[PDB]
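Okay, structure first, notes after.
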Amino acid sequence: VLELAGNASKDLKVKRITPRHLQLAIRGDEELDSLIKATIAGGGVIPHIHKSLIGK
Amino acid sequence: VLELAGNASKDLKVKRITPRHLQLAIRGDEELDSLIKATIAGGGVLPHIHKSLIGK
Amino acid sequence: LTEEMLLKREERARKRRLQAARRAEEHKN
Amino acid sequence: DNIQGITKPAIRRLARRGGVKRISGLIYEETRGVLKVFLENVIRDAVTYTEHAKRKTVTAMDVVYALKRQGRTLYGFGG
Amino acid sequence: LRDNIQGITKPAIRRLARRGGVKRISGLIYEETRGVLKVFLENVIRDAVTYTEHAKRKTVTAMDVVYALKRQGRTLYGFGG
Amino acid sequence: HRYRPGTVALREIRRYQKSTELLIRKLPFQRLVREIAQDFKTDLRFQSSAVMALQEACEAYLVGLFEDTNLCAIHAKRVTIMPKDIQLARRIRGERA
Amino acid sequence: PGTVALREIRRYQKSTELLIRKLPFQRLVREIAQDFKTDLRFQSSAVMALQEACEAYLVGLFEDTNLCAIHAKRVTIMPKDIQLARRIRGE
DNA sequence: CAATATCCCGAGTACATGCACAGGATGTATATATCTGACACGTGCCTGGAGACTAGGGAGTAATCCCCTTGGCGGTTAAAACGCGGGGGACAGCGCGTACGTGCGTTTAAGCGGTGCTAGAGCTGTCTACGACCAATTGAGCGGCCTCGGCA
DNA sequence: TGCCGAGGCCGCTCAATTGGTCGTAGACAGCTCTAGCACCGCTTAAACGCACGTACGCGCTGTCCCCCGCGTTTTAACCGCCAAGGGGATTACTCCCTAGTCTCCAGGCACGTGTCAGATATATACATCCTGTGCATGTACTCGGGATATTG
């Protein structure tokens, strides 16, 4: 909590929920190392798409 | 140990030097699972050339 | 300065010529 | 057999979240192999922690402890 | 100390490679592999010095580095513990 | 009107990579964990929330395996995934061989 | 042709010696520790226990790296293979 | 330019959440406690330094074609989209286990004295294993003898 | 016709593996340690395991009800291929530098002991904090209609 400033408030929604923490704890990278050992239930994943799959 | 002296015999020596551990501990199918974490110091490596790198 | 590499190379010369003497005399028999 | 109910489109959804565009028709019957072995390896441990405590229903904590043992922790159901 | 990672000389990297079962090594593998080894040394000797500092020793000892390895999933048999 | 092959695959990525919902049907996965269990202890019972913690862990494993698999296909000049890719990813992570 | 490089494999997979020169590796480990604390002393067995673990990591990485070069239909290993073997491994 | 789609905004929507409440179990609070180990003191070792030297290796170069790399190849399906099937989804109850409480009594920890197991001792005292060298074998390539097919 | 030209079978010589024999050097197995301090045996007063209805919580159960599955085929380019070119990875050599050995040499410090304190545990009294419960709204949701974006 705290680094959810960068998330909950940015989506204009109140009440922290599990699609956050994910979409943060696996985005900031001093952390991540502390929590690699853990999946977040109901947390999904951050968007990507690799640069060779998108149309050229 | 049963299987290790079982291989010191095959190299025709009397005393089980360190590589004879590696050639069992990382060759028997169940031991390879129990000892995943272990590096045997001075134990060498199990010999193998990849089947695609040999010619003809 | 230069004497180290010089006397090393001199030692290699006598080493070479000792091997020349030996491996020439291997032709005796 | 019950494993064939991990239907082809479900594998495609899982794959789409993972970010893959195009899926060989051999991946369906192969992926079932890795799911079937993964479930096998955590249910052995979950039923072990069950049999230890003499009770005979697998709890959420049992599958949590089984997953914790194998390095695949989940925060959600009770840390 | 000066530049001592250069002392992992090119032939030595080829020896390690040869053990591992590889035929042909592009010339960019040498400067990459020094990069991998320096990152590994940092992440183990840091733990080994923190085990040392706890005991008020100055000399780093074999058990300190073995405990340092043991916590990273890289256990070493041969030096005790 | 009909799109180009490729168009809808990238549309699906942007969908299932934005939701967090469960992707396997409930009952078909609930049947599978019972069948794998009764081979080890006959006449079990499961708590309703135990099987959920199985599902939420499985999906998160499968989705991670594919994410690491696609990295192989991309490296091998393809875009299509094929079994030979999974066998590589799963060998370097030390699971199967 | 192409045979002497393969003759080296059969050599180094039989011997169990350490493959990096000792003094050059010891002076590197003294360098890397100075930025953690000044004026350590190293026990002579500690420096060995590092080397035994390093070589065993490096040679495990080349084993796992070669598998990627085979996947791309190549023979030659390249940095993009090391990068893949480390990314997929989770380093 | 047309079309399917994503984006966006306001109505209307259960319950989730944050709160107030009763009350119980435990965190506090004080006094006592020995003893952990802090600290202080030397003991004696190795970590280190510092030299001389060979020989192993390392670095360098040279020549080069293997292997990679690229283009262009020809061949077949995952994707697209639709039609089309059954199956995952939402309610009624049984009673069996789980919990929990009771009194179940098994064993451990502790402190007791006796004593033999083990782990540091040796030059133990050798002699397996360690080089060192010799000898065998196979295989490959290069000369040399000899029938026959295409040409005068 | 011719000639011969081109043609097809068999002992030298060299170059890895392979297995053999020589001799010698620490390092292994074993002895006696001896020595001592842990294991044991022997009590004790001890904690904590454990075999055992009943309240009853929820795991499992009999129904109907629909999407996503299930099935088809066009196509679409993805992916495979082969062949050529360039160089850059490779090989083999010569010079060179240091890795490694040993040896001497000191004192740094890790080692060890010698005392005994501020530490934290344990009890009793206890008040308080914290849980479980009960209890309004406020939002985050699902839907419908239109605007903007983007594909073909």
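Protein chains in written order, with the deposited numbering: chain O, 63 to 118; chain S, 63 to 118; chain H, 208 to 236; chain R, 24 to 102; chain N, 22 to 102; chain Q, 39 to 135; chain M, 43 to 133.
Quick reminder that beta carbons are idealized off the backbone N, C-alpha and C, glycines included.
- Under DSSP, no beta-bridge partner is assigned to residue 128 of chain M.
- As the crow flies, the alpha-carbon of residue 90 of chain R is around 21 Å from that of residue 94 of chain S.
- Beta-bridge partners assigned by DSSP to residue 46 of chain R: Q:119.
- Per the C-alpha coordinates, the member of R:87, R:75 and R:79 positioned closest to residue 88 of chain Q is R:87.
- If you draw a straight line from the Cα of residue 97 of chain S to the Cα of residue 100 of chain N, it comes to about 17 Å.
- In the structure shown, residue 98 of chain N adopts extended strand secondary structure according to DSSP, grouped into three states.
- Taking residue 90 of chain S as the centre and dropping the five residues before and after it, the same chain places the C-beta of 65 closer than 8 Å to its C-beta, in chain order.
- Spanning the alpha carbons of residue 76 of chain Q and residue 95 of chain Q requires a straight line of approximately 20 Å.
- Residue contact check for residue 95 of chain Q against chain M: no CB pair falls below 8 Å.
- At least one beta carbon of chain Q lies nearer than 8 Å to the beta carbon of residue 115 of chain O.
- Nearest in C-alpha terms to residue 54 of chain R, of all of R:70, R:31 and R:40, is R:31.
- In the same chain as residue 45 of chain Q, and ignoring 5 residues on each side of it, no C-beta atom comes closer than 8 Å to its own.
- What residue 85 of chain R touches in chain Q, judged by beta-carbon distance under 7 Å, is 88, going in chain order.
- Remark: fewer than three beta-carbon pairs, one from each stretch, lie closer than 8 Å, so the stretch 65-80 of chain O and the stretch 215-234 of chain H are not flagged as touching.
- Within the model, the alpha-carbon separation for residue 57 of chain N versus residue 131 of chain M is close to 14 Å.
- In the same chain as residue 106 of chain M, and ignoring 5 residues on each side of it, the C-beta atoms closer than 8 Å to its own belong to 127 and 131, in chain order.
- At the C-beta level, residue 44 of chain N and residue 47 of chain M come within 8 Å of one another.
- The residues 128, in chain order, have a CB closer than 7 Å to that of residue 134 of chain Q in the same chain once the five nearest residues on each side in sequence are set aside.
- Of all residues in the stretch 71-101 of chain S, those with a C-beta nearer than 7 Å to a C-beta of chain N are 99, 100 and 101, reading in chain order.
- From the beta-carbon of residue 88 of chain R, no residue of chain O is found nearer than 9 Å; the closest lies around 14 Å away.
- Restricted to the stretch 32-97 of chain N, the alpha helix (DSSP H) segments that are unbroken, complete and at least 4 residues in length are 50-75 and 83-91, listed in chain order.
- Listed along chain S, the residues sitting closer than 7 Å to residue 58 of chain M by beta-carbon distance are 81, 104, 105 and 106.
- Non-local beta-carbon contacts of residue 67 of chain Q in its own chain, meaning distances under 6 Å to residues more than five positions away in sequence, involve 93 in chain order.
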